[PDB]
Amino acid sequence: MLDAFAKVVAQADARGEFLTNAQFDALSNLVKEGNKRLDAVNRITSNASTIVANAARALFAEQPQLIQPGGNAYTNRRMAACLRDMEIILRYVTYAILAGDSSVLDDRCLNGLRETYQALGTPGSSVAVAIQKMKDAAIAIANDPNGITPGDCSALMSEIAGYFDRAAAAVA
């Protein structure tokens, strides 16, 4: 996997080039915005259980056929697996927030996941809905103005939203 810094390095090596000043400048701003990134990870991680449970509750309220007998989330084994998947997707999204790059998410979570759910008969569009609900809770928690030095985190919330939408697109 790559972080934001290693990605610039790998692109540079392919051309056999030292970094430019534009690239150094871009990477410096990445470092100057680092405190915000650490808060976002800390906050989303610190509320991981409620994000999952509350999103799952909402999903089953809107799609009751999932929990009816014969549904894909009926039985405790299937429910456990469903909640587990939500936890995993969230986990890998937080990894990508820390690294500032989606490679870890794409490579270790999303590659082949659509195919996985198709073989099982798990409705991918239902999974997408679960991810979208976790997204909306995560951004509300991460971007909460209470209990933190005030400032603008909007470009980071855009980036965070980017990682969630990528995962929802990957399964749907």
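Note that residue numbering begins at 1 and tracks the sequence as displayed. Whichever C-alpha set is largest while still superposing within 1.5 Å between the two forms counts as the rigid core.
Choosing between 23-31 and 128-136, the greater Cα displacement from the shown form in 8 other deposited structures of this protein, fitted by the core, goes with 23-31. When the two stretches 121-129 and 47-55 are set side by side, the higher mean Cα temperature factor goes to 121-129. Stretches 26-34 and 57-65 differ in mean C-alpha B factor, with the higher average recorded for 26-34. When the CA B factors of the chain's modelled residues are split into thirds, the value for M1 lands in the highest one. Split the chain's modelled residues into thirds by C-alpha temperature factor. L110 is in the highest one. Compared with the other modelled residues of the chain, the Cα B-factor recorded for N146 ranks in the highest third. In the PDB entry, a CA B factor belonging to the highest third of its chain's modelled residues is recorded for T116.
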